[PDB]
Amino acid sequence: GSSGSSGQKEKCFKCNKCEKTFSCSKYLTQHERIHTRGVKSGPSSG
Ligand SMILES: [Zn+2]
């Protein structure tokens, strides 16, 4: 008899790598990108 109060009203989007809490979703999904090993034209041209 543990039924009753239930609702996914409160939502929180917390990254995985950095584990930073955000406000919206689109903000996170896109952010996650930042975590991509291998960036061309970064530290040195070649
Ligand atoms: Zn992150």
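Per the deposited record, determination of this structure is attributed to solution NMR.

Looking up the chain in the PDB entry gives the name Zinc finger protein 473, with the organism given as Homo sapiens. Its PDB record names the entry "Solution structure of the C2H2 type zinc finger (region 557-589) of human Zinc finger protein 473".

Enquirer: Would you explain the overall build of the chain in this entry?
Expert: Regarding its fold elements, the chain presents one helix and two strands. Listing the helices and strands of the chain from first to last along the sequence gives β-β-α. Overall size of the chain, expressed as C-alpha extent along the three principal axes, is 65 × 20 × 10 Å. The buried share of the chain, taken over its 46 residues, is 9%. Working note: accessible area of the chain is about 4800 Å², and carbon and sulfur atoms make up 46% of it.

Enquirer: Looking at this structure, how should I read the coordination of the zinc ion?
Expert: In ideal tetrahedral geometry, four donors around a metal make angles of 109.5 degrees, whereas ideal octahedral geometry with six donors gives angles of 90 or 180 degrees. Within the first shell, the zinc ion binds the protein through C15 (SG), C18 (SG), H31 (NE2) and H35 (NE2), at distances of 2.0 to 2.4 Å. Geometry at the zinc ion is tetrahedral, judged from its four donor atoms and the angles of 104 to 121 degrees they form at the metal. On the primary sequence, the residues serving as donors to the zinc ion are separated as C-x2-C-x12-H-x3-H. On the criterion of sequence distance, the pair formed by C18 in the loop between strand 1 (13-14) and strand 2 (21-22) and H35 in the segment after helix 1 (26-32) is long-range, its members being 17 residues apart. Take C18: its relative accessible area is 29%, and that puts it in the partly exposed class. Of the residues examined, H35 reaches a relative accessible area of 25% and is grouped as partly exposed.

The rules we used
- Residues numbered from 1 in each chain as written, not as in the entry; some residues may be left out.
- Heavy atoms only, no water.
- Helix = DSSP H or I, 4+ residues; strand = E, 2+ residues; numbered from the N terminus.
- Buried < 20%, exposed > 50% of the residue type's maximum accessible area, 1.4 Å probe, protein only.
- Areas by Shrake-Rupley, 256 points an atom, 1.4 Å probe, with all protein chains shown as cover.
- Donors = N, O, S within 2.8 Å, 3.2 Å for Na, K, Ca; no water.
- Tetrahedral: all angles 85-135°; square planar, octahedral: opposite > 155°, others 65-115°.

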